[PDB]
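Have a look below at one chain only, the form deposited in one PDB entry, in structure tokens format.
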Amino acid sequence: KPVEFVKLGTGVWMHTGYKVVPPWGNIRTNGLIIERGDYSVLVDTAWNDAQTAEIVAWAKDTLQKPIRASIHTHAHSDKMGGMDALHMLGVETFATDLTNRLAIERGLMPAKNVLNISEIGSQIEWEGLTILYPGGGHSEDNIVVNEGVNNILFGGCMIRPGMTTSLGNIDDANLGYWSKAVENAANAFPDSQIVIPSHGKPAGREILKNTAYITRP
């Protein structure tokens, strides 16, 4: 049951934690730890505050590059629940202005720092990562995160795992646009051959294509 860590490329680690949700049971969630010299930054938390604390302790004690900032990819409880816990551990949290506003509407805490990328297709660089807003998909505010040195694209919940045809949690999905959002991300990062969904194994670009097909009306 401890959070698991694996190295995906130079300066890039993946964390993976599990939670049990009836009826189907165990489900994984993935995030990234990105080395930034003397410190590291976090791309999405684990399921809960205890697992997120494990990630912070691992960066401090095993990597010996403490996590000092983090980015959060949309306004859902498993992504935004840890804003205060990260704050209490001295991590500067980041999210888009839209994610913060939706977080507050949905009864969640916003990130402490805001990134402005409101137009579909707009990008910003943050801690050496490219942050793209590709339009609504899984959630209206979902962003993706591309690491250009290793060409690793983190898709979060917006990318479905494997060859599934299931859609995951679509309570807040933009079913009109989600397929186009996936194509926007694929076109924005053509060199990224490693794609990380929130809930499955790391894979190639075939999961961008599969997601786009299965979420299209």
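Basically, rigid core = biggest C-alpha set you can superpose within 1.5 Å across the two forms. Residue indices: 1-based, along the sequence shown.
When the two stretches 100-108 and 78-86 are set side by side, the higher mean Cα temperature factor goes to 100-108. When the C-alpha B-factors of 122-130 and 67-75 are averaged, 122-130 comes out higher. As recorded in the PDB entry, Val21 shows the highest C-alpha B-factor of the residues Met14, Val21, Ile194, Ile207. When all modelled residues of the chain are sorted by CA temperature factor, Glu183 is found within the middle third. Residue-level temperature factors show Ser166 in the highest third of its chain, judged at the C-alpha atom.
Annotation for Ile159: C-alpha temperature factor in the lowest third relative to the rest of the modelled chain, per the entry. Looking at the C-alpha B-factors along this chain, the one for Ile117 belongs to the highest third. The PDB entry assigns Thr52 a C-alpha temperature factor belonging to the lowest third of its chain's modelled residues.
We do not show the form deposited with a small molecule bound, though everything after this point is about it.
None of the heavy atoms of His72 is located within 4.5 Å of the small molecule in the entry with it bound. Proximity of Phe189 to the small molecule in the entry with it bound: non-hydrogen atoms within 4.5 Å are absent; the residue sits far from the partner.
Heavy atoms of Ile27 reach within 4.5 Å of the small molecule in the entry with it bound, making it an interface residue. Proximity of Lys209 to the small molecule in the entry with it bound falls outside the 4.5 Å heavy atom cutoff. Of the residues given (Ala46, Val41, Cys157, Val56), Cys157 alone sits with a heavy atom within 4.5 Å of the small molecule in the entry with it bound. A single residue from the set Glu92, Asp78, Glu140, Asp97 has any heavy atom within 4.5 angstroms of the small molecule in the entry with it bound; that residue is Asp78. In plain terms, the part of the chain that comes close to the small molecule in the entry with it bound, with a heavy atom within 4.5 Å, is 163-171 out of 163-171, 60-68, 179-187, 30-38.
With the core fitted between the shown form and the other one, just one of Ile104, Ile124, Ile120, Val114 shows a Cα displacement of at least 2 Å, namely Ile104. Relative to the superposed core, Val91 undergoes a C-alpha shift smaller than 2 Å between the shown form and the other one. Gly82: CA moves 2 Å or more between the shown form and the other one after rigid-core fitting.
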